[PDB]
Ligand SMILES: Nc1ccn([C@@H]2O[C@H](COP(=O)(O)OP(=O)(O)O)[C@@H](O)[C@H]2O)c(=O)n1
Ligand SMILES: Nc1ccn([C@@H]2O[C@H](COP(=O)(O)OP(=O)(O)O)[C@@H](O)[C@H]2O)c(=O)n1
Ligand SMILES: [Ca+2]
Ligand SMILES: [Ca+2]
Ligand SMILES: [Ca+2]
Ligand SMILES: [Ca+2]
């Protein structure tokens, strides 16, 4: 039976097989904020070495914990060959599916209702910006069929966002059919919507 | 003392606050294949119900474990309020960053060399298709400045693939400048390359 250990930040060493080459400061601030709200929800995977503990999965969490003022992170300590460490460094990130834009928006909407929160309060609680939450919730004001098209992938989310800018909704559904039939890009749609609006 | 328990598949209940509405069969097969190679690497998070356990994070792992024929999954049992369960069901998915196409491609290249595997063998080891691996490795044949655009997300991986189809490499930089300024999609880039390749 494995345990989750609290490992001191001073004892942690970089992932020797780190596949991430860029650490976005904005995204780390989001993770920091979430850690301040909920703590680290997911234990790191680490491997005990002579000098300390090498991270196998969790470098962002580690950086977020430091930003948040924590002195330890939760971790599962495993004995692993170099080959397993190389594989798992990738697989922990590779073998997962993110939520779609619409699944995210529906989640925000469900939390607003069941947690009884404003969008500002939800952004704080989730560690996301207020514009990020508002832009996703706006997708839920599009016609049902267009939401379906976006989910099915027949329309991009970028098209969805651009469609919100249309003044006269009488042209909305013909505009979507044109986008699809002509495989228009988002910039072409922006330009059509500007004229229609004017 | 938080522990990882092996919990019987039969005792697990679906996530009451599941944000995922689409469970792609192809992606579940990939996860199943990875579970067969490595086991479940990340414990599920669950909460005790009146009987059994509700999944708080891990429904895809749960379904892949059924497809792989497992009897139990590793799980951390936590006491959580309803509010926390609703929050964590989203957050465990929301607060994470994917790898860029180039980071994925570089990782494959590294693993091929250091594990001394062919593309096919690596594909089996990782639970991905052989073309998925091969097609990401092709990105590494692009000029570094275009690789960077793909790394940053200014160009999509599909743009990258399509640009490989260009015969005259002297037209690459002007073509990319056009793609970016005019925000062209993959199909429109295909057509421009179609024309450039016909002399
Ligand atoms: N052999 C593997 C491959 C991936 N994983 C992890 O499975 C999780 C899949 O994430 P997900 O959001 O797509 O699906 P859920 O299982 O959380 O519903 C990730 O946290 C992977 O790191 C694992 O535990 N074992
Ligand atoms: N408050 C939070 C928010 C996210 N997380 C998890 O932090 C992990 C971040 O994944 P990542 O691949 O972006 O970064 P790493 O920390 O694995 O380097 C994810 O598994 C989130 O579920 C957490 O442990 N605590
Ligand atoms: Ca890591
Ligand atoms: Ca990770
Ligand atoms: Ca889940
Ligand atoms: Ca998940």
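No lab work stands behind these numbers, since they all come straight from the coordinates. Every residue, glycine among them, receives a Cβ derived from its backbone with ideal geometry; neighbour counts consider all protein chains shown.
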Every pair of residues 6+ apart whose Cβ atoms lie under 8 Å, when the first sits in the stretch B:175-195 and is in contact (Cβ under 8 Å) with a residue 24 or more places away in the chain while the second is surrounded by fewer than 13 Cβ atoms within 10 Å (Cβ to Cβ): B:190/B:165; B:193/B:165
Conditions (1) on the phi > 0 side of the Ramachandran plot; (2) in a helix (DSSP H, G or I): number failed by residue A:153: (2)
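I need a count of the residues in the stretch B:48-73 that are within 16 Å of ligand 2 (Cβ to nearest atom), in contact with a helix residue (DSSP H, G or I) (Cβ under 8 Å, 6 or more places away or on another chain) and under 18 Å from residue B:5 (Cβ atoms).
Narrowing the stretch B:48-73 to residues within 16 Å of ligand 2 (Cβ to nearest atom): B:55-61.
Next cut, in contact with a helix residue (DSSP H, G or I) (Cβ under 8 Å, 6 or more places away or on another chain) only: B:55-57, B:60-61.
Pick out the ones that are also under 18 Å from residue B:5 (Cβ atoms) and you get B:55-57, B:61.
Selection size over the stretch B:48-73: 4.
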Qualifying residue in the stretch B:116-137 (condition: at positive phi and in contact with a helix residue (DSSP H, G or I) (Cβ under 8 Å, 6 or more places away or on another chain)): yes
The listed residue being more than 11 Å from every other protein chain (Cβ to nearest Cβ), more than 16 Å from ligand 4 (Cβ to nearest atom) and either crowded, with 20+ Cβ neighbours inside 10 Å or part of a strand (DSSP E or B) (or both), out of B:47, B:63, B:86: B:47
Residue A:70, sole failed condition from (1) touching a residue at least 60 places away in the same chain (Cβ under 8 Å); (2) under 22 Å from residue B:113 (Cβ atoms); (3) out of contact with any strand residue (DSSP E or B) (no Cβ under 9 Å at 6 or more places or on another chain): (2)
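When you check residue B:125 against the structure, is it within 25 Å of the chain's Cα centre (by Cα), in contact (Cβ under 8 Å) with a residue 40 or more places away in the chain and facing another protein chain (nearest Cβ under 8 Å), yes or no?
Working: within 25 Å of the chain's Cα centre (by Cα): yes; in contact (Cβ under 8 Å) with a residue 40 or more places away in the chain: yes; facing another protein chain (nearest Cβ under 8 Å): yes.
Yes: the conditions hold for residue B:125.
Run down B:83, B:29 and say which single residue is away from ligand 5 (no atom under 16 Å from the Cβ), more than 22 Å from residue A:4 (Cβ to Cβ) and more than 18 Å from the chain's Cα centre (by Cα).
Details: B:29 fails: more than 18 Å from the chain's Cα centre (by Cα).
Selected residue: B:83, the only one of B:83, B:29 that is away from ligand 5 (no atom under 16 Å from the Cβ), more than 22 Å from residue A:4 (Cβ to Cβ) and more than 18 Å from the chain's Cα centre (by Cα).
So, in the stretch A:12-43, how many residues would count as being closer than 25 Å to residue A:84 by Cα and within 16 Å of ligand 6 (Cβ to nearest atom)? Spell out the reasoning first.
Taking the stretch A:12-43 first, the residues closer than 25 Å to residue A:84 by Cα are A:12-23, A:40-43.
Narrowing further to those that are within 16 Å of ligand 6 (Cβ to nearest atom): A:40-43.
Residues that pass the stated criteria total 4.
Residues being more than 16 Å from ligand 6 (Cβ to nearest atom) and in a helix (DSSP H, G or I): count how many of those fall in the stretch A:112-132. Spell out the reasoning first.
The initial filter retains those residues of the stretch A:112-132 that are more than 16 Å from ligand 6 (Cβ to nearest atom), namely A:112-125, A:127-132.
Cutting the leftovers down to in a helix (DSSP H, G or I) gives us A:112-115, A:119-125, A:130-132.
Counting residues in the stretch A:112-132 that are more than 16 Å from ligand 6 (Cβ to nearest atom) and in a helix (DSSP H, G or I) gives 14.
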Scope the stretch B:17-33; condition at the interface with another protein chain (Cβ under 7 Å from one of its Cβ atoms), buried (at least 19 other Cβ atoms within 10 Å of the Cβ) and either free of Cβ contacts under 8 Å to residues at least 12 places away in the same chain or within 24 Å of residue B:71 (Cβ to Cβ) (or both); matching residues: B:30, B:31
